[PDB]
file model.csv (CSV, N, CA, C and O atoms)
chain,number,residue,atom,x,y,z
T,1,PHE,N,0.9,-1.2,0.0
T,1,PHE,CA,0.0,0.0,0.0
T,1,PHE,C,0.9,1.3,0.0
T,1,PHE,O,0.6,2.2,-0.6
T,2,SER,N,2.0,1.2,0.7
T,2,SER,CA,2.9,2.4,0.8
T,2,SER,C,4.0,2.2,-0.2
T,2,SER,O,4.1,1.3,-1.0
T,3,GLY,N,5.0,3.2,-0.2
T,3,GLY,CA,6.1,3.0,-1.1
T,3,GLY,C,7.2,2.3,-0.5
T,3,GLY,O,7.3,1.1,-0.6
T,4,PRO,N,8.1,3.0,0.3
T,4,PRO,CA,9.2,2.3,1.0
T,4,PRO,C,8.7,1.5,2.2
T,4,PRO,O,8.2,2.1,3.1
T,5,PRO,N,8.8,0.2,2.1
T,5,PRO,CA,8.4,-0.7,3.2
T,5,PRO,C,9.5,-0.9,4.2
T,5,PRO,O,9.5,-1.8,4.9
T,6,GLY,N,10.4,0.1,4.3
T,6,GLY,CA,11.5,0.0,5.3
T,6,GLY,C,11.4,1.2,6.2
T,6,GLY,O,11.8,1.1,7.4
T,7,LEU,N,11.1,2.3,5.7
T,7,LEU,CA,11.0,3.5,6.5
T,7,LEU,C,10.0,3.4,7.6
T,7,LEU,O,10.2,2.9,8.7
T,8,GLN,N,8.7,3.7,7.3
T,8,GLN,CA,7.7,3.6,8.3
T,8,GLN,C,7.7,2.2,8.9
T,8,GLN,O,7.3,2.0,10.1
T,9,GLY,N,8.2,1.3,8.2
T,9,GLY,CA,8.3,-0.1,8.7
T,9,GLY,C,9.4,-0.1,9.8
T,9,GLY,O,9.2,-0.3,11.0
T,10,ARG,N,10.6,0.1,9.4
T,10,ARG,CA,11.8,0.1,10.3
T,10,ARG,C,11.4,1.1,11.4
T,10,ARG,O,11.8,0.9,12.6
T,11,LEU,N,10.7,2.1,11.1
T,11,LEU,CA,10.3,3.2,12.0
T,11,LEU,C,9.3,2.6,13.0
T,11,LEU,O,9.5,2.3,14.1
T,12,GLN,N,8.1,2.4,12.5
T,12,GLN,CA,7.0,1.8,13.4
T,12,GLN,C,7.6,0.5,14.0
T,12,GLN,O,7.3,0.2,15.2
T,13,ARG,N,8.4,-0.2,13.3
T,13,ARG,CA,9.0,-1.4,13.9
T,13,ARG,C,10.0,-1.0,15.0
T,13,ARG,O,9.8,-1.3,16.2
T,14,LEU,N,11.1,-0.4,14.7
T,14,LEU,CA,12.1,0.1,15.7
T,14,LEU,C,11.4,1.0,16.7
T,14,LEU,O,11.7,1.0,17.9
T,15,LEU,N,10.5,1.7,16.3
T,15,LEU,CA,9.7,2.6,17.2
T,15,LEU,C,8.8,1.8,18.1
T,15,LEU,O,8.9,1.8,19.3
T,16,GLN,N,7.9,1.1,17.5
T,16,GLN,CA,7.0,0.3,18.3
T,16,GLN,C,7.8,-0.7,19.1
T,16,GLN,O,7.6,-0.9,20.3
T,17,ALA,N,8.7,-1.3,18.5
T,17,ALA,CA,9.5,-2.3,19.2
T,17,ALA,C,10.4,-1.7,20.2
T,17,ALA,O,10.5,-2.1,21.3
T,18,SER,N,11.1,-0.6,19.8
T,18,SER,CA,11.9,0.1,20.8
T,18,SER,C,11.1,1.3,21.4
T,18,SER,O,11.7,2.3,21.8
T,19,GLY,N,9.8,1.1,21.5
T,19,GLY,CA,9.0,2.2,22.0
T,19,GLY,C,7.6,1.7,22.2
T,19,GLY,O,6.6,2.5,22.3
T,20,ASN,N,7.4,0.4,22.4
T,20,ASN,CA,6.0,-0.1,22.6
T,20,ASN,C,6.1,-1.6,23.1
T,20,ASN,O,5.7,-1.9,24.3
T,21,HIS,N,6.5,-2.4,22.3
T,21,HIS,CA,6.6,-3.9,22.7
T,21,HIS,C,8.1,-4.3,22.8
T,21,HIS,O,8.5,-5.4,22.5
T,22,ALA,N,8.9,-3.3,23.2
T,22,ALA,CA,10.4,-3.6,23.4
T,22,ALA,C,10.5,-4.8,24.3
T,22,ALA,O,11.5,-5.6,24.2
T,23,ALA,N,9.7,-4.9,25.3
T,23,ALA,CA,9.8,-6.0,26.2
T,23,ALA,C,9.3,-7.3,25.5
T,23,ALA,O,10.0,-8.3,25.5
T,24,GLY,N,8.2,-7.3,24.9
T,24,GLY,CA,7.7,-8.4,24.2
T,24,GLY,C,8.8,-8.7,23.1
T,24,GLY,O,8.8,-9.7,22.5
T,25,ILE,N,9.6,-7.7,22.8
T,25,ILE,CA,10.6,-7.8,21.7
T,25,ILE,C,11.9,-8.4,22.4
T,25,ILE,O,12.6,-9.2,21.8
T,26,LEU,N,12.1,-7.9,23.6
T,26,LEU,CA,13.3,-8.4,24.3
T,26,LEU,C,13.0,-9.7,25.1
T,26,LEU,O,13.8,-10.3,25.8
T,27,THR,N,11.7,-10.1,25.0
T,27,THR,CA,11.3,-11.3,25.8
T,27,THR,C,10.0,-11.9,25.2
T,27,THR,O,9.2,-12.5,25.9
T,28,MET,N,9.8,-11.7,23.9
T,28,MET,CA,8.6,-12.2,23.2
T,28,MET,C,8.3,-13.6,23.7
T,28,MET,O,9.2,-14.3,24.1
call {"tool": "encode", "arguments": {"input": "model.csv", "output": "structure tokens"}}
result
Amino acid sequence: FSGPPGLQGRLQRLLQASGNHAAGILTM
């Protein structure tokens, strides 16, 4: 749906992961 699947992705990913589910990410 979007263009670059790495920006908002790595963003929402690194952001959500390193700003939301970092624990579920560091201990999923």
call {"tool": "residues_around", "arguments": {"input": "model.csv", "residues": "residue 22 in chain T", "least_positions_apart": "6", "cutoff": "12 Å", "atoms": "only C-alpha atoms", "output": "count of residues only"}}
result
6
call {"tool": "select_by_dssp", "arguments": {"input": "model.csv", "residues": "chain T", "states": "alpha helix (DSSP H)", "output": "ChimeraX atom specification"}}
result
/T:7-17,22-26
call {"tool": "atom_distance", "arguments": {"input": "model.csv", "atom1": "CA of residue 7 in chain T", "atom2": "atom C of residue 26 in chain T"}}
result
22.9 Å
call {"tool": "atom_distance", "arguments": {"input": "model.csv", "atom1": "CA of residue 20 in chain T", "atom2": "atom C of residue 6 in chain T"}}
result
17.3 Å
call {"tool": "atom_distance", "arguments": {"input": "model.csv", "atom1": "atom O of residue 5 in chain T", "atom2": "atom N of residue 17 in chain T"}}
result
13.6 Å
